[PDB]
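Report on the structure
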Amino acid sequence: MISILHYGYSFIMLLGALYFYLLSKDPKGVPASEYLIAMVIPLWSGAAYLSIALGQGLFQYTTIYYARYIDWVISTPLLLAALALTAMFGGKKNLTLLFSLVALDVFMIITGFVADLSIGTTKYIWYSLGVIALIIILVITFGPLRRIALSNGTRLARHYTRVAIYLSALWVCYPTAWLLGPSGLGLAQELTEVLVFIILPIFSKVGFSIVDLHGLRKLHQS
Amino acid sequence: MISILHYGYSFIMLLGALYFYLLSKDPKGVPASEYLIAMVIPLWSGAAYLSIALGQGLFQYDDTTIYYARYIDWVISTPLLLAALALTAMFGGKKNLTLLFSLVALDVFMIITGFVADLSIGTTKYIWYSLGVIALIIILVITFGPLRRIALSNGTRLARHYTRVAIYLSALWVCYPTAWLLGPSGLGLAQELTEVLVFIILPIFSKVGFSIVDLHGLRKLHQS
Amino acid sequence: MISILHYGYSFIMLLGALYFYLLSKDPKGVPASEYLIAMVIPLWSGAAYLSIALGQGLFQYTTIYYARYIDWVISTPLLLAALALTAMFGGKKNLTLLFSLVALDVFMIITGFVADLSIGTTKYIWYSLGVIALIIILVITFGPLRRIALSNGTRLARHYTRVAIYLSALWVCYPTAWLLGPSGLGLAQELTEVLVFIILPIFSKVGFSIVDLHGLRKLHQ
Ligand SMILES: CCCCCCCC/C=C/CCCCCCCC(=O)OC[C@H](O)CO
Ligand SMILES: CCCCCCCC/C=C/CCCCCCCC(=O)O
Ligand SMILES: CCCCCCCC/C=C\CCCCCCCC(=O)O
Ligand code: NA
Ligand code: NA
Ligand code: NA
């Protein structure tokens, strides 16, 4: 079942990527960079999850699904780049703030991988450092990055706020599931965790970019 | 012989790098970025191939030898080659860094699928290989489609140079997956030594030859 | 002792990062990018050294403190980015020159890691390539990068020269200690090398950015 769930996930990622490609051909004032990011996220995630479907992107250590961290260390900084570019839509870019989010996010994913390879107190030290990074990402998202969005007008700021809440609600679920599942407290079964880390990322990747791209495209004049 | 071939390759990479450095000192309207890219490609490749010459950048796996240092080479040198190609198309005009990074992403993916295919067996190997070939097809579609249209937007003379470089690169690059499939990593029709020689000769043309053709052509556009 | 030294180091890195964050809130004409670089360097290094403190970022092979290379491959190109941005302060950026330093530096760290995994002549081939990369970094630092600093006026060039000497003096210590210690000739003891690679980087990361940011901030008035 776990293999078939990952094949299904990879197929959905491919369909999402093809949909964003089709949208990119009639871009409605959204820059090509947003369409590229929206395609790379699911194609990379799809490849990483295909490796799990094929029985390659996991090892016994309990099963470490290490291909999830290979996925996230690329897909999650790109999702924050997408969020930042939405805040900056129609205005000056702040690439310093964008790269601040990239740095926090790459660190967060690495601490999760090291936490997964760790045992005892050590595991929860790494986990806690990753949670601290996520807290700072959310502080930036609802603080300075939101102030940039507000500077780009009512309609853009409304859309940014929707995308920021959508992202934040889904992202807090990842460390929650991690802690409850086999990598942490071992309260939830492996299959439960697998389903959560199939369904969450469908919404976090393809769902996020449908919401984000549709909302930006709606701002288009003629 | 295999060790000596790799030492020889690394020496040729170093000579190429020194030549591009000397050209960079009298740049003839070509931006410093193009000279830097042209030097990083052969120096990185030369270091990776030095690791093979020293007996380090390879291991035994499925009874075959995986020359893993080739993938360490290509995952850096090949996206830089497409960046060089893209910057040629954009010469004298607005840069499209979105298209350039599209090529970088496709290319890094392509090299990673090759490495994973090499570590794989059976149907799994050809799934990864096939995904890398699809990435190369999309790179070539970009090269002869939208990237060529950018070159044409920069005028007849630039577009003539771009088209020459695009054909040169494309002709060499389609050889890599062809050799890979025929050789020990794939169907095992071609012998290890044949594959070693192909993956010594091809990259001399793909790296140093490409940047000689590209930089000479760009420098020729300069009026002194 | 080795574990406690690494915990202490990680704590000093955290305090440095928090100090640079506080400076960033009243930036005195220094761009946000400089404060971001100044924070990433010690936080990344702190995390890498925490892995050693916890007994994770090392293996027996001699002990390879592999977490040092994970640290340096990110922290050292960022330090050269900081140095390059200082030279370019108040003028046009030369990102080609900056990325030239990044490329040489990442290569240098990788040769050190490969040298550490190597034995005999092979070890010293990789080590020598890394030393050549460092010499080119220093030639750039005191040649073309210093000429950019001089183009940005007397006060900036005075500050740049101070931070270039500070960085250069510390950086030449790393390959010297590496060669003398267990990874090289094995003349210096493991504990001596551990202390050198605790003290040097405190000056190379937090000390460097205190000197750099204080000097740039002083140019505001
Ligand atoms: C294991 C994973 C490895 C990851 C692999 C990473 C690849 C590194 C290189 C990428 C392409 C570089 C892009 C080049 C940037 C564009 C240059 C540019 O903008 O040039 C401006 C102009 O030419 C000057 O005046
Ligand atoms: C091993 C960890 C590797 C992490 C690499 C980072 C992954 C890719 C994400 C990078 C951030 C992309 C930022 C794009 C900025 C676009 C700016 C613009 O559109 O003008
Ligand atoms: C590991 C595979 C993916 C790694 C690379 C991902 C690249 C995609 C992300 C960023 C695109 C950057 C676009 C820059 C836009 C600037 C404006 C322009 O000139 O078009
Ligand atoms: Na967006
Ligand atoms: Na070019
Ligand atoms: Na600086």
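Residues numbered from 1 in each chain as written, not as in the entry; some residues may be left out. Chains lettered and ligands numbered in written order. Heavy atoms only, no water. Residues with missing side-chain atoms left out of burial classes, pairs and counts.

If you check the PDB entry, chain B appears there as xenorhodopsin from Bacillus coahuilensis. The record lists the entry's title as "Crystal structure of the light-driven inward proton pump xenorhodopsin BcXeR in the ground state at pH 8.2 in the presence of sodium at 100K".

Per the PDB entry, the recorded name for chain A is xenorhodopsin, and the organism is Bacillus coahuilensis.

Every residue lining ligand 3 is accounted for by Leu36(A), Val40(A), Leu78(A), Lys95(B), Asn96(B), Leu97(B), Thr98(B), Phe101(B) and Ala105(B). Mapping the residues adjacent to ligand 3 onto the chains of the assembly identifies chains A and B. A distance of 2.8 Å is found between an oxygen atom of ligand 3 and a side-chain nitrogen or oxygen belonging to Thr98(B). The set of elements that each furnish at least two residues to the shell around ligand 3 consists of α2 (32–53) of chain A together with α4 (97–119) of chain B. Sorting elements by how many residues they give to the shell around ligand 3 places α4(B) first, with 4 residues. Along the lines of polarity and charge, the residues of the shell around ligand 3 split into 6 nonpolar, 2 polar and 1 charged. (Near = heavy atom within 4 Å. Polar contact = N/O pair within 3.5 Å; in protein donor to acceptor, adjacent residues only side chain to side chain. Helix = DSSP H or I, 4+ residues; strand = E, 2+ residues; numbered from the N terminus. Nonpolar A, V, L, I, M, F, W, Y, C, P; charged D, E, K, R; others polar.)

Let us look at the coordination of the sodium ion (ligand 6). All names here are of chain C. For the sodium ion (ligand 6), every protein donor is listed as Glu-34 (OE), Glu-34 (OE), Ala-82 (O), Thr-86 (OG1) and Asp-212 (OD), and the spread of their distances is 2.2 to 2.4 Å. Taken as a pair, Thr-86 in helix α3 (residues 67–87) and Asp-212 in helix α9 (residues 190–218) lie far apart in primary sequence, 126 residues in all. A single burial state applies to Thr-86 and to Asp-212, both of which are buried. (Donors = N, O, S within 2.8 Å, 3.2 Å for Na, K, Ca; no water. Buried < 20%, exposed > 50% of the residue type's maximum accessible area, 1.4 Å probe, protein only.)

On to the pattern of salt bridges. Opposite charge on two side chains permits them to pair, given that their charged atoms come into close proximity. The tally for this structure, following the rule as stated, stands at 8 salt bridges over all chains. The shortest N-O distance in the salt bridge between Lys205(A) and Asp71(A) comes to 4.0 Å. Within this pair, whereas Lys205(A) is found in helix α9 (residues 190–218), its partner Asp71(A) is found in helix α3 (residues 67–87), the two being separated by 134 residues in sequence. The exposure classification of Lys205(A) matches that of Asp71(A), with both residues buried. For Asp26(C), the salt bridge identified is with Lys28(C), shortest N-O distance 3.0 Å. For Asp26(C), a relative accessible area of 44% gives the class partly exposed. Judged by its relative accessible area of 32%, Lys28(C) is partly exposed. (Salt bridge = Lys/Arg side-chain N within 4 Å of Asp/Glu carboxyl O.)

The interface of chain C with chain A comprises 10 residues on the first partner and 12 residues on the second. Counting each side, the surface lost to burial between chain C and chain A is near 770 Å², with a carbon and sulfur contribution of 80%. On the chain C side of the interface with chain A, the three residues burying the most area are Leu36(C), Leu54(C) and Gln56(C), jointly 48% of the side's total. Linking chain C with chain A are 0 salt bridges, by the criterion used here. Along the contact surface separating chain C from chain A lie 2 residue pairs in polar contact. (Contact = heavy atoms within 4.5 Å. Buried area = accessible area lost by both parts, 1.4 Å probe.)

The subject of this paragraph is the nonpolar core. Residue and element names in this part refer to chain B. Core analysis: the biggest nonpolar cluster contains 72 residues, and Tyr-49, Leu-85, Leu-147, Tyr-162 and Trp-173 have the highest contact counts within it. Residue contributions to this core peak at 11 residues, all from helix α3 (residues 69–89). Not counting residues within four places of it along the chain, the set of residues in contact with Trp-173 comprises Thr-78, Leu-81, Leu-82, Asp-107, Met-110 and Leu-136. (Core = buried A, V, L, I, M, F, W, Y, C linked by side-chain atoms within 4.5 Å.)

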